[PDB]
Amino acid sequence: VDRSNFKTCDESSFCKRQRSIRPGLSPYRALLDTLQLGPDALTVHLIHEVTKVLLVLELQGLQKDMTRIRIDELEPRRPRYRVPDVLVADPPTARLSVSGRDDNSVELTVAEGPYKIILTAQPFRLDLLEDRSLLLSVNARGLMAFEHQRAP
């Protein structure tokens, strides 16, 4: 039963860093001034409040009642890996619409409903609903962590 051959989370330096982040107030916030509704996606800039790192959230409603969330750096020194050959097709998208807005929130409707996505600006948060039933939240515990590419 000698498992010293394999790392625990503590012996993995990125696991130890990430897991040390505990539930709390997230330092990320969406810049609703940068919001853009494209043909296939909604894109909005995120920012780390302390480090001022800029990320890009790409939000997509998809056919068959699915949502895709992709986050990358806005200006990366080098490209990040995106998994190829696993998806059998470029997933067919459904149109998003802004159906509600205030100073800290943007409500998005997937096609003509009943699915909605609430993007909270500060702190950054995503809520997914069918009508008025909350299905799922993203970054509700503030555990989002994105280590940007530093000088090598």
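Each residue number is its position in the shown sequence, starting from 1.
Legend: mean Cα B-factor per stretch from the PDB entry, 95 to 103 versus 79 to 87; the higher mean is in 95 to 103. Of the two segments examined, 32 to 40 and 54 to 62, it is 32 to 40 that shows the higher average Cα temperature factor in the deposited entry. The entry lists a Cα temperature factor for residue 45 that places it in the middle third of the chain's modelled residues.
Looking at the C-alpha B-factors along this chain, the one for residue 139 belongs to the lowest third.
Per the PDB record, residue ranking by Cα B-factor puts residue 19 in the middle third of the chain. Ranked against the other modelled residues of its chain, the C-alpha B-factor of residue 117 as given in the entry falls in the lowest third.
Ranked by C-alpha B-factor against the other modelled residues of its chain, residue 126 falls in the lowest third.
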